[PDB]
């Protein structure tokens, strides 16, 4: 059917198989397939997720046109995701004017003024992260980073999104997901089954958690009325937000701020343990700005420059999105290249972050790439850990502030050393998520 589009347009790419397209090349993950296609075919190439044509671009001027210049007009929505059910009103799922309305309603929620008000409350669970670390560290027992950071990320969420205060590591009925099973694999081969499962109410998000958070929010709403992100959205309610839409955005913010904050913190501490010099220099900067283990503030976090260099370099090596995608809604020609309607434009963030033509020794962990001297030579359309344009990461400021507050309190009291069971070097999962194959385990030693 559509497997002759890139052939007609003169765009190179791997020859697709019937029905499957090029999905069999995903046997080593999205990352390895994007790196091989960038090496084999060059600046632009095309492939097929089954019958769906996917056009990959790597030109920074062409990336700017898709993500920024022609966002509202052509490249407004990501690829259609389903079955989603009521979560269609989710901001990361909504399309066209529905998204542009939800984006404006949730934009003042993620301002620096609202983020600074969260810091003193967020700084409470940094202490919870230390005392729980103190137990597992005081004993000579290696610590799984995904469990200790996953508990902290959930603690920040339940407090910053609903005011719920829980020590999740020691104490809550939020049930998890899975994101790499024969499921989506099949949905890619059979996208015609999406409207099938929608009328069956078969939601990729299991009803019982949505029902829980729906009734949990309505209990909080009518308890505060009359007598966090929830209150910022209650005060917000472009006709005002709906109750079913409000819980849907929470459900996004529950997953976004949880799994992504836990993974990056695990990737950062893996690099700090395998690079003791970077860990020591970061501890010296934290001690210089915050002497006597001073509690970090919103202003002191933005003052640490080497801390920002460590976070940015880690996101370069591990961009958890991997790819940035937009759906071409109208026949357009950008930067001298015609793009038909319906083609999914893709930006290989992982491949561009490790491109030797833009980075010297791209596989190495060198925070000095993001120094105040060298940060000017970084193209913001090649280094996109938070995307770019009107539909970039809306929680970029919150995520960078949440991770740095955790790193400061953790490095103020502990040093992290590799173990025997520590996977060195870290091998990324061959699946569809940017996560370690084996969980990162490290030895935690107290600075006292």
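Just so we're on the same page, rigid core means the largest C-alpha set that superposes within 1.5 Å between forms. Numbering follows the first chain given and starts at 1.
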More variable segment, 354 to 362 or 204 to 212 [Cα RMS over structures in 9 other deposited structures of this protein, core-superposed]
204 to 212
Which of 297 to 305 and 132 to 140 lies farther, on average, from the shown form in 9 other deposited structures of this protein once the rigid core is superposed (C-alpha RMS)?
132 to 140
Is it the case that, in at least a third of the other entries compared (those modelling both flanking residues), residue 316 has no coordinates?
no
Where both flanking residues are modelled in the other PDB entries compared, is residue 225 itself missing in a third or more?
yes
Unmodelled deposited residues between residue 237 and residue 238: none, 1 to 3, 4 to 9, or 10 or more?
4 to 9
Enter the number of deposited residues without atomic coordinates between residue 227 and residue 228, binned as none, 1 to 3, 4 to 9, or 10 or more.
4 to 9
Would you tell me which stretch averages the higher CA B-factor in the PDB entry, 343 to 351 or 327 to 335?
327 to 335
Output the stretch having the higher mean C-alpha B factor in the entry; the candidates are 216 to 224 and 151 to 159.
216 to 224
Just grab whichever of 103, 173, 364, 281 has the top CA B-factor as deposited.
173
Take the CA temperature factors straight from the PDB entry and tell me which of 375, 78, 275, 316 peaks.
375
Third assignment of residue 357 from its chain's C-alpha B-factors:
highest
Residue 1's Cα B-factor: lowest, middle or highest third of the chain?
highest
By its CA B factor, does residue 51 count among the lowest, middle or highest third of the modelled residues in the chain?
lowest
Lowest, middle or highest third: where is residue 117 by Cα B-factor in its chain?
highest
Taking the C-alpha B-factors as the PDB entry records them, is residue 40 in the lowest, middle or highest third of its chain?
middle
